[PDB]
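Engineer: Need coordinates for the following:
(chains A, B, C, D, E and F)
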Amino acid sequence: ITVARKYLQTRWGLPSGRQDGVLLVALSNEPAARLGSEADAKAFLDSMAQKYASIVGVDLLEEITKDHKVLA
Amino acid sequence: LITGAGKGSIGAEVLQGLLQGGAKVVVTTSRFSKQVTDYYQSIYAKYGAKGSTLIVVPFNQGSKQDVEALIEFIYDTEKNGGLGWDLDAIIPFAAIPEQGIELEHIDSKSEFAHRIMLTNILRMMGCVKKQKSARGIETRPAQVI
Amino acid sequence: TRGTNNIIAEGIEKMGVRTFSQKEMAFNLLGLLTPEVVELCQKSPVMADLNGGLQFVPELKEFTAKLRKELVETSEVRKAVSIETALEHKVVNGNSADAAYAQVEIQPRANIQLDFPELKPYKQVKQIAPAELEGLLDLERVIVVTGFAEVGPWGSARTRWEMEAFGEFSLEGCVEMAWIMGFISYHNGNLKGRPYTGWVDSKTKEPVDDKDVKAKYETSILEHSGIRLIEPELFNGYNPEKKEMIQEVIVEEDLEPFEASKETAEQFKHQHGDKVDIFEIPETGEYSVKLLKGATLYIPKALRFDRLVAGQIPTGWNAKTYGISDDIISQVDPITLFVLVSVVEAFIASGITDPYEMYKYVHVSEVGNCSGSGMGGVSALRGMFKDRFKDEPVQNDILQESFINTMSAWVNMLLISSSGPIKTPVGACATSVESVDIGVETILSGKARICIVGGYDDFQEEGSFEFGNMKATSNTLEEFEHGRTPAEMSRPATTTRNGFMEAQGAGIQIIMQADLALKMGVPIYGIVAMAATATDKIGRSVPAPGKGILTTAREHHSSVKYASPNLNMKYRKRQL
Amino acid sequence: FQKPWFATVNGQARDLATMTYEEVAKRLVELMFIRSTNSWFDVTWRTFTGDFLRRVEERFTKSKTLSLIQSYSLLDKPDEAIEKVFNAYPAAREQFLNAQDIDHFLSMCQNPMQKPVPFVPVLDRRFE
Amino acid sequence: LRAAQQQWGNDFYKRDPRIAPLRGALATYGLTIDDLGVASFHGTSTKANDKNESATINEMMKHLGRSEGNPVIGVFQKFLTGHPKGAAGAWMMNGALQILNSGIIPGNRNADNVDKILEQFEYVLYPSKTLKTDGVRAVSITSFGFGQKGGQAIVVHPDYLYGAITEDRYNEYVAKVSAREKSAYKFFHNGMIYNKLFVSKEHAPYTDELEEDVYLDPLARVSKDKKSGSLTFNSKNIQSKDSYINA
Amino acid sequence: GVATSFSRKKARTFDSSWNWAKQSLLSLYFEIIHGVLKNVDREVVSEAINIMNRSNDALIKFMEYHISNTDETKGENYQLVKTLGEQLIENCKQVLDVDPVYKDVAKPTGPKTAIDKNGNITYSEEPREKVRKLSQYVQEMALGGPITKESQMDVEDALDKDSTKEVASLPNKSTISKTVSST
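Structural biologist: Numbers count the residues shown, from 1 in each chain, chains lettered A, B, ... in the order given. Okay, here it is:
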């Protein structure tokens, strides 16, 4: 739920209470199976934030170091 | 022992005869199915005389290994999982239809067909000879039609 | 030899040569096995000409070939000349004068029938039973079967009886099977422009004629009903070849931490204590869960099982198509759906179209339900014992549906509305007969005048496995080893019988007072003239069959010199 | 009214799914074949009842054979024609109209290229 | 009168030890032991069951005096449908009714070879093919279950019932049944085509405020409503003088 | 094509003539009653042969019960079953303690081709004009035809006229002096 908000905010620009709406819309549309790809889970969060978009009425490298620090 | 006695054949007419006379017969089938199992139960429940018994086994007269395996299962004591029999007749009518094959067409099929229709028939007679002989059976020839 | 190129047989024979039927050659060959020619063989090899003189006909190849050519030519000229004189007619004499001269073929459609029983002229009726019988019987105490239905591997009572008694379906067979199995769906409206009224392939939505249903579907219909390989789609994925189980292991070195909710992390710490660390991630509010060395883990693994075949309801059966609401479908255990559908189909078989018509003839308190189950609700049982154990989402009243008497409850709550008796039998593999006993008795005591009788059980993963453990069911791996197709693995009284084949479904019948049946004017399919249950003796093997039921033949022969007037109807009738 | 309720059999009110194949064929002839002029008042109405009798054959036959109404001209003696059909398929006198044939019948009533049928076959939305 | 009918017609053998249950069951309709034509075996296809069941059926025939040479013809429908534990007896009870009313005895089509053991049971006949007979008089459904749960049922042909009733009454009956069949053929093809076969009842025949009044009047019965046309209990038929008069 | 097919476990053995015989007979029986087999059909003779081929002290008590319990009165078909039945019961009594025999009674046939008036080639198998018994077939064989040049008895059958009568004949060993070889 941590990663799913940092995606909703990075790629779809959603603050604290606006990503609360996108999670609540995804709760009514919950998959009847676990999503396979992380890209399938990203694509799911996409369409869920646009069903929130027209229900609220709103429209729409450090990562290299991150891989190394993990190692250390 | 009778090979080639599938439905609608000279085989199956000879088989009905044998059963009607009270013979104990092993029939080979190549296409061993429910459909075929059901055929023979029908045939037996019609012509199966007192003292008769029909045994259907799947078989491929083209396999050396099947020829050997079959007539071994025939001679082997019931205890050892066999039939415990000793053949009095062999009717090796098993075959494959070769048509439209002339001299220069003789190939994989015909060479295989020749095996079923000659070489393995020899092998089969040879097999029951060894069995009888290995048992001192000198006064019970099997007739080969 | 002619048998299943004989066209020239008559011709070759026209030369004093004989051709033979197979029965003839077989007779000839068999004649070489006669003692006489057998001993001949033993003296020195015998050679038998069983070739009816063909030897003598010269240039046989070419002669043969000629006959064939002359035939084939005579055929092809004769057919070519006729096809041309026939076109010359359509030219000279118009194709509209010949068009009103062809006849119209009529093609059959399926008229499925309820197949009620036949009532003979009373003259013939009174010839069956003794004339003394008239009015001898209190018809208020003759238990009679008024309707029946089933849901099972072979469809309904109609299609199953057809397969059992005949071995192939009629037109009404396929059309009904295709319908229950979902292959065809009814349509009435416009089909791409023109109007249509009839069957439609439900996948393609194209029209289908009754006379075609067989060619189009039966091949597949047959493949997907009866005793066949277990289709995991029909059982939430139960796959006898890869059977899911978990094993316990102790973690030998600290697992790597994973993120989790606060509520969830606490449920872990509650469980593991010294053997797990959970810590709040101050930024998100959520916790990290780290399983230390010493902790207990469940690691999934798979098991290959022996029972690969069951008698399953035809693939595509759907309580939705019998007309059952989605809400019920959800709420209920599969077995209740079987039961519901048959109670409906059984009332139909009895010509009771609205259950409340009973309440025209009877009081609310005199319609009962004595249907029973061996296990019943095996599916809700799992959700309760296993699906809960995994914290999987499962209903809050799966307990309801697990009970055996709740099937009868939904029947009464959705359909019947009776305040009659409700005695529910558990009789393992005989709950159904015991049910009839219980039914019969309840009517003979005045407690009910109509009641529902029958049995039902479902096939599920844990059921089949435990039977396999009792060594009760047939071993499919072994059946295959013996050359046995699935349709062949249930063979009672056979030399090779090897264990029983498991199945699923339900079957109920409606029973009634003979007197009431006559008055209502429903069909009468038979008389339940006796029904008994009996225990065996002292033992220690529960799954064992016995001879308790032999007691239904118990009569005392210590004195049988002279005839008992009691047996004599003529006598009894006078006394009455 | 000039359009009777079709599924009324000898004064007896009833519905279309509670008539037998005979009752319908006889009701058809009754309302479309004008007795006094020994004539089908409209050729489409003769065509109609033919299509219906043909259907009767289709339903009740067991195997495939050929129609007893090869040409609808045979309907010009309606009574005789009807008896021919139902003699062959006697069962059709005793059974109510198959549920699926009701849809059919009502569909023919909606066929353009046919003089509007002289009755009301159904109480429903298009009753006006 | 009903009790006299009972004493001499229905239950004459109850208190008799020389008349077995099975005997008298058939005997009340003028049927002999030999009349039980078909035995619907449980036929579990297990070695344990099939032998036992044959033996036990054999003995109940032997004890009661089944004519030497008249075996019961056994069906084994588990061969086609399998074994659904609980639903077993019912399926066999159906096939039994269908056998009675058709005269057809289906064949154990999976009987490649009858177990030689079973030859001793000279009162049982194991057919591998269907026999279309000129009549079946009575079938015997027997079934066995875990926990020594044994059970038998005897189903007698319907036409023996009509013997015990007046001709005028029988004729009146045939009338009603005929009308039902027509109206049921109606219903069935409706619900098949339109998936209307099951139609959940959304109300009881009694209003909630009438529920108790119905449970307590034994003569309360349903009548077609005017408005709805469906079957309800009326205030005027509950505890009525008219329903004591007409009863 | 040379792959293996035989395994011992796939063998199926058929034993129970004792049971198929009661069935064989209880079938001929309903079939005559229902008139599928009429007293002309050769099938009743064939099937007689197969029933006799399985005489038990037990098969007898079977036919005995079922035959003696038929109501001759019930119909013309019922008398037939009963008469044939009794005849069959008699024969079985004799063939008890007697070797089973292969005897083909089928009606002998020959080839017949016919081409339509519209070029439709059709093949039938017709009964041979001058051949009716397998007996007559052997005689036909021994005479040969004119085409075999250089070298290198009338026993009227009740055959397709009265099956029950022929059935009564079955148990009786034919004595012949005029050996067919001498024809």
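Engineer: residues in contact with residue C:98?
Structural biologist: Contact analysis of residue C:98 by C-beta atoms under 8 Å, 6 or more residues apart in numbering or on different chains lists C:89-90. Where C-beta positions appear, they are placed from N, C-alpha and C, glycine not excepted.
Engineer: Same check on residue C:557?
Structural biologist: By C-beta under 8 Å, 6+ apart, residue C:557 lies in contact with residue E:18.
Engineer: Residues of the stretch 251-400 of chain C that sit close to chain A?
Structural biologist: Selection of the stretch 251-400 of chain C residues close to chain A by C-beta under 8 Å from any C-beta of the partner chain yields C:259, C:261, C:281, C:284, C:286.
Engineer: Just say helix, strand or coil for residue C:511.
Structural biologist: Following DSSP: H, G, I helix; E, B strand; the rest coil, residue C:511 is assigned to strand.
Engineer: residues near it, how many?
Structural biologist: Other residues within reach of residue C:511, judged by other C-beta atoms under 10 Å in any protein chain shown, total 30.
Engineer: where along chain F do the helices fall?
Structural biologist: With DSSP state H, the ranges of helices along chain F come out as F:17-33, F:42-52, F:57-68, F:76-95, F:134-143, F:163-169.
Engineer: Then chain D?
Structural biologist: Under DSSP H, chain D gives helices at D:21-32, D:43-60, D:78-88, D:99-108.
Engineer: Now do the buried residues in the longest one.
Structural biologist: By neighbour count on 16 or more other C-beta atoms under 10 Å in any protein chain shown, the buried set for helix D:43-60 is D:44-50, D:52-60.
Engineer: about what we covered before: list buried members of the residues of the stretch 251-400 of chain C next to chain A by neighbour count.
Structural biologist: residue C:286.
Engineer: Narrow the residues of the stretch 251-400 of chain C next to chain A to those in strands?
Structural biologist: Using DSSP state E, the subset of these located in strands is residue C:259.
Engineer: Enumerate the residues of chain B near chain A.
Structural biologist: Counting by C-beta under 8 Å from any C-beta, chain B has no residue next to chain A.
Engineer: since we're on the residue in chain B that chain E sits nearest to, how many residues are nearby?
Structural biologist: Closest contact between chain B and chain E, by C-beta to the nearest C-beta, is at residue B:41 (4.9 Å). Residues within reach of residue B:41, counting by other C-beta under 10 Å, total 23.
Engineer: Test my guess that it contacts residue E:112.
Structural biologist: Yes. At 4.9 Å, residue B:41 counts as touching residue E:112 under the criterion of C-beta atoms under 8 Å.
Engineer: so what sits against both of those two?
Structural biologist: Common contacts of residue B:41 and residue E:112, defined by C-beta under 8 Å, 6+ apart, comprise E:128, F:14.
Engineer: center of chain F, which residue is that?
Structural biologist: Note on chain F: the residue nearest the mean C-alpha position is residue F:46, at 2.1 Å, using C-alpha atoms, centre = their mean.
Engineer: State the distance from that residue to residue F:119.
Structural biologist: 38 Å (C-beta to C-beta, to the nearest Å).
Engineer: Identify the residue spatially nearest to residue C:534, adjacent ones excluded.
Structural biologist: residue C:548 (3.7 Å; C-beta to C-beta, 6 or more residues apart in numbering or on different chains).
Engineer: Now do the contacts for that neighbour.
Structural biologist: C:534-537, E:148, E:150.
Engineer: Next: residue F:56.
Structural biologist: By C-beta under 8 Å, 6+ apart, the neighbours of residue F:56 are B:50, F:18, F:21, F:96.
Engineer: For residue E:54, see how far away it is.
Structural biologist: 18 Å.
Engineer: repeat for residue F:177
Structural biologist: From residue F:177 to residue E:54 the distance is 54 Å (C-beta to C-beta).
Engineer: Neighbour count: these two, which is higher?
Structural biologist: residue E:54 (24 against 6).
Engineer: how about the one helix or strand that one maps to: buried residues?
Structural biologist: Per DSSP states H and E, residue E:54 falls inside helix E:47-64. For helix E:47-64, the neighbour count (16+ other C-beta under 10 Å) marks E:47-58, E:60-61, E:63-64 as buried.
Engineer: What separation do you get for the closest residue to residue D:53 other than its chain neighbours and residue D:16?
Structural biologist: Residue nearest to residue D:53 in three dimensions, not counting chain neighbours: residue D:85, with 5.0 Å by C-beta to C-beta, 6+ apart. Residue D:85 sits 19 Å away from residue D:16 when distances are taken as C-beta to C-beta.
Engineer: Dump stretch E:98-118 to PDB, restricted to CA.
Structural biologist: In PDB, the C-alpha atoms belonging to stretch E:98-118 read as follows (Å, rounded to 0.1, in the frame of the first residue of the first chain):
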ATOM      1  CA  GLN E  98     -39.500 -46.300 -15.200                       C
ATOM      2  CA  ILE E  99     -39.000 -50.000 -15.500                       C
ATOM      3  CA  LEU E 100     -42.500 -50.700 -14.100                       C
ATOM      4  CA  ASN E 101     -44.200 -48.400 -16.500                       C
ATOM      5  CA  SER E 102     -42.300 -49.400 -19.600                       C
ATOM      6  CA  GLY E 103     -41.800 -53.200 -19.200                       C
ATOM      7  CA  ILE E 104     -38.200 -52.700 -20.100                       C
ATOM      8  CA  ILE E 105     -35.400 -54.000 -18.000                       C
ATOM      9  CA  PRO E 106     -32.100 -52.300 -18.900                       C
ATOM     10  CA  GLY E 107     -28.900 -54.300 -19.200                       C
ATOM     11  CA  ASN E 108     -25.800 -54.100 -17.100                       C
ATOM     12  CA  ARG E 109     -23.800 -53.100 -20.200                       C
ATOM     13  CA  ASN E 110     -20.500 -53.300 -18.300                       C
ATOM     14  CA  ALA E 111     -20.900 -57.000 -17.400                       C
ATOM     15  CA  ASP E 112     -18.100 -58.300 -19.600                       C
ATOM     16  CA  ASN E 113     -18.100 -61.400 -17.400                       C
ATOM     17  CA  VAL E 114     -20.300 -62.300 -14.500                       C
ATOM     18  CA  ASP E 115     -18.100 -63.400 -11.500                       C
ATOM     19  CA  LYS E 116     -18.000 -67.100 -11.400                       C
ATOM     20  CA  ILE E 117     -18.600 -67.000  -7.700                       C
ATOM     21  CA  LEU E 118     -22.100 -65.700  -8.300                       C
END
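Engineer: could you check whether it is close to chain C?
Structural biologist: Yes. For stretch E:98-118 and chain C, the contact criterion (C-beta under 8 Å from any C-beta) is met by E:98, E:100-102, E:104, E:106, E:108-116, E:118.
Engineer: correct me, but residue C:477 touches residue C:307?
Structural biologist: No. If you go by C-beta under 8 Å, residue C:477 and residue C:307 don't touch, sitting 9.0 Å apart.
Engineer: In the longest helix seen in chain A, which residues are buried?
Structural biologist: Ranked by residue count and defined by DSSP H, the top helix of chain A is helix A:38-56. If you call a residue buried by 16+ other C-beta under 10 Å, then helix A:38-56 has these buried ones: A:41, A:44-45, A:48-49, A:52-53.
Engineer: cool, and stretch C:398-408?
Structural biologist: C:398, C:400-408.
Engineer: and those residues near chain B, which?
Structural biologist: Among those, chain B is touched by none when using C-beta under 8 Å from any C-beta.
Engineer: What's the separation between the residue of chain B positioned farthest from its centre and residue B:110?
Structural biologist: Residue farthest from the centre of chain B, counting by C-alpha atoms, centre = their mean, is residue B:104 at 31.9 Å. Going from residue B:104 to residue B:110 by C-beta to C-beta gives 11 Å.
Engineer: No further questions, thank you.
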